[PDB]
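Presented below is the structure to which this report refers.
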Amino acid sequence: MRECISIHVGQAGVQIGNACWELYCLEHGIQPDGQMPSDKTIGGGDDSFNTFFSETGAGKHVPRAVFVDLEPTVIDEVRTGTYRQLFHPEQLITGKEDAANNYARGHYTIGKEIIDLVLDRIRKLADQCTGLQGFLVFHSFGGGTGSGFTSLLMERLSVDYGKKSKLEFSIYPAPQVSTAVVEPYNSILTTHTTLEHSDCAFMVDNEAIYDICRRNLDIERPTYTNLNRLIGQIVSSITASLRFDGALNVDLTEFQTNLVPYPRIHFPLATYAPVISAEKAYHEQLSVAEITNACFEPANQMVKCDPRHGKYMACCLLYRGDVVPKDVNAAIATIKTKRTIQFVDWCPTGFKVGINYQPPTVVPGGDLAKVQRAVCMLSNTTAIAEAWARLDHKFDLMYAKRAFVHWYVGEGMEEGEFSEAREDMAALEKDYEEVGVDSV
Amino acid sequence: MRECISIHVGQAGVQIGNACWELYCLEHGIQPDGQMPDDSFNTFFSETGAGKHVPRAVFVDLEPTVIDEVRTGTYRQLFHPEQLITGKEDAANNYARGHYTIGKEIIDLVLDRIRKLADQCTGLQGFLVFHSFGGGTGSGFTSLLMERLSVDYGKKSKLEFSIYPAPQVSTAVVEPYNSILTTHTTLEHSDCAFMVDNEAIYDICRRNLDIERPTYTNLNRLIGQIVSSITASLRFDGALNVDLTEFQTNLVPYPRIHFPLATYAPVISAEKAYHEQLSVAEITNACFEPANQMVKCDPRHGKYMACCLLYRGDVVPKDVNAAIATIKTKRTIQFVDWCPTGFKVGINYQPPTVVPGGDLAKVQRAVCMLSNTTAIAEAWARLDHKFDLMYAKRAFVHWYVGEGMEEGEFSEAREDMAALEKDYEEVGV
Amino acid sequence: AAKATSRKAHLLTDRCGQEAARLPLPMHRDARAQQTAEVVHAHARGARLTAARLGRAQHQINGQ
Amino acid sequence: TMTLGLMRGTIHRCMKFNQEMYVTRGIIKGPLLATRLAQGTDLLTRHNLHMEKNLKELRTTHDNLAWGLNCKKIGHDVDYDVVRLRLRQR
Amino acid sequence: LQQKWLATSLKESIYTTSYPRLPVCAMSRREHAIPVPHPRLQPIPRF
Amino acid sequence: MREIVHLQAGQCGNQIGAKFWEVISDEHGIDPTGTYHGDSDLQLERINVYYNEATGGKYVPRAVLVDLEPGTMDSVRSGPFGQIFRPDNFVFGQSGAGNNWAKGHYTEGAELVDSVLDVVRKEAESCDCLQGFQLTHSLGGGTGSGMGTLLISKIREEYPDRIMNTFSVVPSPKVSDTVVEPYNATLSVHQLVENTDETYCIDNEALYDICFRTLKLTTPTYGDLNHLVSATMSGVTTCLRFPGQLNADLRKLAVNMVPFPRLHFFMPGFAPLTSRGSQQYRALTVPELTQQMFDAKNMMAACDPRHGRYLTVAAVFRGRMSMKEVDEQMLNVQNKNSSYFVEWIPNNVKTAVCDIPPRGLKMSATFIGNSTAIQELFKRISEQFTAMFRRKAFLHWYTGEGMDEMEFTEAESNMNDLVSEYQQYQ
């Protein structure tokens, strides 16, 4: 009744759909065959699995997922992994050759034969659910499938459903260490489709998540799979309020109502507070004040921007576990007093809280500790006009000598986007400071 | 709710923070694991839902081989891993190394960890700062901490207890330039400021105790016996109490004069105190005789202009007041005319705790006087006399200039001392 | 040439250096509050004279 | 050598100066923790702004300086070895 | 003089020798301490 | 964390770099296969200052050992301790200089520096925060005296903040090994003052006048003489490797010993020196490690400072006592010989305390003495270089190697004045 249909695009999407869906089989007690042994759940209403799982004709729960790639060698690990019987066979889509760090290939030439088969399966998971809240998108800016085809799938998700909610939790490129060369041509040219055809949009930079797992957790030499875990903890806390019982629930519409003041302005910042190890969980109590102050600490963000340069426009606090409304409201009063955090002059109240009783679930082979409490916070700031400005820094630097652009024209891309879709980004670079400048 | 967050900086920071934080583990009931085998620990220790008592301390050094030993030995699980801050190279008997270049990447990790303890304390009384002028971190970084401590907290109480260099011997050569130029920053950035001199504890430990040939540890214990009497009233009950706000109120008449002394009365061995009466008269006589002080300068040239007394154990207010009325009258001691009464007393019930392996016995009475005087004008006189004896030939100055520093600090830090050397006889008259 | 250019640049740098009240003094909340409370005690003693005359009138009226 | 002495004086002066300027921003923050104080702090702003412009300028200038310096040492040692080899030929 | 004359601590840091673990029974009894069974006067109004 | 990357040069450089790495290997317990069979774990804490890491428990040094003919590294590869150095780290030429500066300064040296300048950037960059380098050569050869001065001049240009020390071997003034050894020495010294941080001075009759008279020996080998200058050579980096109450390192001694960057000329010493039959007959106490240092016999330069002034005086102590009874001797020696210090310093004696003694020993001390007794050392080169050059002796070895006579003339004026710079402070 309160369903949410994930869509994961690309190798980044598929490798995140291997960590998100391992979390949801321990959160609701699903063995990797699909079976649930115990009909009762420890904190919910015996149908908490309906936002993600669905009953079938064997007593078997099958997810509401579609995995997309333009390449077989990352999804055939899923089809021969431990969870090979959890997934329906047509929910994992593969092509035969990849778009290969390019926009026009995955948008105009190669993306055109996987645009039709996917929309047969999207309209099947969205006809089973009577109460769909909205899709979720897990894509990557710097690929060929996660940028060319995702902008092709957003553009046709607009007309087939209209004003349905769609959220993307994307991987923007890092400011320092990107794995590619022609990533900035793809990364700029999809920033149009996240502004028109998107309802909310978060950004993670893997260089920023490297700074946490090396520092807060004690994993020297992490991998991508000690980073895919922490993105599942953000996603679960967002939709934990749908599944398990709580004092104040927050849906997906109470997100957009409170932190999206204007429809050109939907880029908040994801932060998850008690990221500590079980040798440093022994030392410090983890009260509500110690987990609501650490989100405001700029070293703990999941993007490479600092909100001391920006004006906080709105916020969204999400509390899991052993939290009382007495102490949630008690430590909100402290952060108003300090002058390090500054709100904009037209948002006087500026908050929203959500309390879920269910403590977050730890995984075997995992890395965190089992904690009583947690906080996920999504604040949107005028400190995004510095993240965009470190990619005009390197689009114009490369495009001035017209370097790689022969790859794009002969695949079907007109030359307009190399002058338009950066000036498309110039306005949203200029909007964000005007909507955060003081009254006259 | 009576917290006293300690700051110790250097190789005088951690060799003293080892001895000071060893006394409190036996002053209250603390295992060196951190557990216990009736709430006085809330000044220094903090709780958890497992019974563990983690101190509210910071140990700062720029040299790993001083603090990689405290995290190696006996008192290992007591200290938090992050409460002890270490650099990667040492500032090496210098100022600009400690103040500008190397001190700028340890000024940031400390101020995150001072803020984390201070947010935990509700009724935080104030910080304590112990360091040494004779080094790089203790004299360059420490004045950089207090230049960035006053902006974060303002009028919050910050006490000094520094290891000034000795007037006869000293461990080094260029050590005056660190000792001169720390005072230009620690005048506007220090509330009260004690002094010691290690040769004035060398002679005490061999005369007033039978233990000759000591180490600094047998000097570290008596330094840690001053600090117990400073925070004496905040944890254990008293007939009259003192507090952290009380010392600077009755010993700092002027904000450019915040220099008391320190003296501990019953310094007699584990045997020689066991065969002699130790009445309250017979401990207040020791703190006034000029061979028992924790500095090497006699106040017979000077004038006592404020005082403070602390008391422990088996004290009665009658016998306190019978021996005060003698030392008012003797003319080996004189006061300045403008302090009419000149005392402050404070009585703590609890007798002091014997340290196993120390050199003092089970006693019943004690005095920690803090008497500021005019006989520190013969301390800055000697630290000047050997500074313009050696600035005339520019004898070391090239070490300092090319280290994120300019030359003009030297020619003003002496002219700052000239005003404060002229301050101490206008008030002295 | 380039050396002379660097020389003139360093000259401009020294000019900026020599160029370096309109700023708030490091300490001054103290003085401001002092002057303000002095004005306070002033108006206070004014009202004091006023009400002392008032009470002399009051004792006269009590006699009446 | 002469240009190098120039750079030395300039850089050291700059160091001490902007150190004292950050010290002044610190005095600002201190007094802070009224509207005239705000105006004085905006003055601090414009001042340290010209200050960092000056800092960037000095950086680039001494950069060009050391670049030409390497060029010079290069040519010089080149011709020195040339003279030595001419002597060898003799 | 015989214990001084006749003699594995040759290799010893002073922090290990001068700071060992003290016995479990030399710990101070807090005879004169305000009892904590009745909670102390504290501003439990958080304001 | 902190590292020391080590430079050697020649026959002096390899018959001293074979014994210095023997005393360090006994200090941290290293057998000649690499591994560790020591007792404690203070012997493995700061071992990364000198030793790298490899497969298993192998610790191979940070050693650069250089010559211009491999008849010196054929021996040091084939000693007892020759399988401990990595085989790439020897650098050898084909035809050496052999007692001529210019041959190993331009002709053969300067074509060989382009592989030594690769073995140092492969190995200084492995270290995390390198403290600096050491060198130990002789000013009387052609390998270290010419090319070792050319690596000093060409490693201070890539890494100009890391430390540069020299255990140099200055000429023996009385009986000398080579005729033309003044020419090799005096041209290195002008090349030495501008590109070295701090300089020791190690003479060989300064070692002979100890081992004859103090250790009572009548068969003193160089393998005996290289212990006396590796007992000090590891006696300066003690507090990096072992803890104490008060620490030091190579950076903190030169801070208190270089008043001005023309003034870093020391003369070292060593306290506990007695015979084997005069061994048990002395109690090894504090004043009997500081009655020996200030005496005019212990020093490792052949120059007596009774004529001069101790400008500044260092000390670094070992053993679990330097705390109060050293502070009544350093107070005593500053008062009794009251005319051997100059006025314009407050006090001169610096102090560090390492608590771990040398193996088989109880207590020690080591001296680093910045003096005005080196300006009588450089005058006996330039009273024999001007007793040679007016008659243009041996000069055809130098003008035909690409030098010129003004380069000979310049090293007169820039060492005659450095004596005239030191000469005022007496």
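Following Swiss-Prot, chain B shows residues 1-37, 46-437, kept in their order.
Header entry for method reads electron microscopy, 7.7 Å.
Here the Cβ of each residue, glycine as well, is placed from N, Cα and C on the backbone.
Quick look at what Swiss-Prot annotates:
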BINDING   B:10-12, B:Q15, B:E71, B:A99, B:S140, B:143-146, B:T179, B:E183, B:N206, B:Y224, B:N228, B:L252  GTP binding site
BINDING   B:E71  Mg(2+) binding site
ACT_SITE  B:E254  active site
MOD_RES   B:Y282  3'-nitrotyrosine
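Features as recorded by Swiss-Prot, highlighted on the structure.
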residue: B:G10; record: GTP binding site; Cβ contacts under 8 Å, 6 or more apart: B:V68, B:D69, B:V74, B:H139, B:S140, B:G143, B:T145, B:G146, B:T150
residue: B:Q15; record: GTP binding site; Cβ contacts under 8 Å, 6 or more apart: B:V74, B:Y224, B:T225, B:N228
residue: B:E71; record: Mg(2+) binding site; Cβ contacts under 8 Å, 6 or more apart: B:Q11, B:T94, B:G95, B:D98, B:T145
residue: B:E183; record: GTP binding site; Cβ contacts under 8 Å, 6 or more apart: B:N101, B:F141, B:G142, B:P173
residue: B:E254; record: active site; Cβ contacts under 8 Å, 6 or more apart: B:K352, B:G354
residue: B:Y282; record: 3'-nitrotyrosine; Cβ contacts under 8 Å, 6 or more apart: B:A369
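Under the three-state DSSP scheme, B:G10 (GTP binding site) falls in the coil class.
Using a 10 Å Cβ-Cβ cutoff, B:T145 (GTP binding site) registers 31 neighbours. When the binding-site residues B:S140, B:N228 are compared by the number of other CB atoms within 10 angstroms of each CB, B:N228 has the fewest. Proximity to chain F (CB-CB distance below 8 Å) holds for B:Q15, B:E71 among the recorded positions B:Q15, B:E71, B:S140, B:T145, B:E254.
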